[PDB]
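Quick notes on the structure that follows.
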Amino acid sequence: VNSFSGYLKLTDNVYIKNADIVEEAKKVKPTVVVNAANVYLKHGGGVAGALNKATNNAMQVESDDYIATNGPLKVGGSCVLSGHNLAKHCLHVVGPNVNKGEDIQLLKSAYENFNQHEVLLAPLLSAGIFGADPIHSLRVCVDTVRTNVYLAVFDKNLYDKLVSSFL
Ligand SMILES: O=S1(=O)CC(CNc2ncnc3[nH]c4cc(F)ccc4c23)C1
């Protein structure tokens with residue numbers, strides 16, 4: 001039993017809700033919140049900008065130190081950093097950005113990072129400003145993630161389309 005509330009169950013392990021991931025994280029305080037990161041961990045907009053703003057820029061400060069030490073992530077890769085006031089940990093995952101020409105096949109590799117964590121609160125990778133089709137992203141999620149994933153979808157209209165079209 002966990003504290004996630006109001007989710008629709010899609011599969012054995014995947015759940016979905018119309019919610020603001022920032023507000024969902026603030027209430028649940030999950031072990032892991034997933035950030036829709038880029039390779040530079042520059043949290044300027046989309047989910048990343050919203051999560052970082054909620055941390056009063058502490059996420060960005062921590063991220064800049066991470067990059068200065070380790071260099072950029074790979075597209076399809078991830079790192080675990082602090083969850084600050086939102087979660088115990090933040091898993092920064094880089095899905096391909098279609099608006100930069102990155103290969104969509106890397107979306108499966110990106111979701112594989114979720115399997116290293118038993119339970120996660122996450123957005124749909126490569127959705128929103130990353131330019132992928134969220135219906136495709138949901139399909140890859142369901143077919144790749146085996147751990148328990150609670151997906152927050154900010155836009156009510158998209159949430160309803162994702163549910164109604166789910167196979
Ligand atoms: O429905 S979409 O097209 C948009 C969604 C991807 N982004 C998000 N996903 C879940 N929670 C979110 N909270 C936010 C707050 C913000 F300021 C900006 C973005 C998000 C966001 C696929």
Side-chain angles (χ1 to χ4, degrees), residues 2-10 13-60 63 73 75-76 78 81-100 102 104 106-111 113-114 117 119-145 147-166:
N2 66 53
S3 148
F4 288 106
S5 179
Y7 285 76
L8 176 66
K9 181 170 178 61
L10 292 178
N13 65 298
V14 178
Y15 294 81
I16 195 165
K17 188 188 178 166
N18 175 215
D20 185 342
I21 192 172
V22 170
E23 279 318 299
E24 191 76 5
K26 280 200 288 190
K27 144 181 135 43
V28 175
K29 288 293 234 88
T31 305
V32 180
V33 66
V34 174
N35 180 33
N38 58 54
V39 297
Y40 307 111
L41 302 178
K42 288 174 60 107
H43 309 302
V47 169
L51 290 170
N52 175 59
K53 181 176 173 182
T55 75
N56 181 46
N57 211 50
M59 178 181 284
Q60 190 65 67
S63 292
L73 295 182
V75 179
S78 72
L81 291 172
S82 179
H84 300 278
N85 54 315
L86 302 179
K88 185 176 201 293
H89 302 110
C90 179
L91 181 69
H92 295 273
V93 180
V94 184
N97 188 326
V98 176
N99 306 318
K100 306 178 173 168
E102 297 168 349
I104 193 61
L106 288 170
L107 187 54
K108 188 171 184 77
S109 301
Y111 274 117
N113 295 286
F114 290 24
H117 301 278
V119 183
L120 315 86
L121 171 62
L124 284 170
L125 298 180
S126 295
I129 67 174
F130 280 63
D133 176 4
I135 297 180
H136 175 66
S137 182
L138 178 56
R139 188 77 252 167
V140 178
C141 181
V142 159
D143 293 342
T144 306
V145 181
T147 55
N148 290 146
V149 57
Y150 289 84
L151 294 168
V153 176
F154 179 57
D155 188 64
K156 173 57 161 156
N157 188 295
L158 174 61
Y159 169 85
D160 286 348
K161 182 196 189 112
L162 285 168
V163 168
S164 291
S165 60
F166 184 70

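When a residue number appears, it is its place in the shown sequence, counting from 1. Both counts, for ligands and for their atoms, begin at 1 and track the order of listing.
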(request) Using side-chain contact (heavy atoms from CB on, under 4.5 Å) as the criterion, list what pairs up with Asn85, not counting sequence neighbours. (result) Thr55
(message) With heavy-atom distances below 4.5 Å as the criterion, would you say the side chains of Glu102 and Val98 are in contact?
(response) no
(message) Could you check whether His89 and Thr31, counting side-chain N and O atoms only, form a donor-acceptor pair closer than 3.5 Å?
(response) no
I'd like the atom pairs linking ligand 1 to the protein - N or O on both sides, separation under 3.5 Å - with distances to 0.1 Å.
unit_1, atom_1, unit_2, atom_2, d
ligand 1, 11 (N), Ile21, N, 3.4
ligand 1, 13 (N), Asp20, OD1, 3.4

(message) Assess the residue pair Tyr150 and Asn2 against the criterion (side-chain hydrogen bond (donor to acceptor under 3.5 Å, both in side chains)); give the C-alpha distance rounded to whole Å, side-chain angles, the decisive distance to 0.1 Å, and a yes or no.
(response) CA-CA 11 Å; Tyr150 289 84; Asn2 66 53; 2.9 Å; yes
(message) Side chains of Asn57 and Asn52 only: does a donor on one sit below 3.5 Å from an acceptor on the other?
(response) yes
(message) Would you say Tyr7 and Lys17 are linked by a side-chain donor-acceptor pair, where the criterion is simply a distance under 3.5 Å?
(response) no
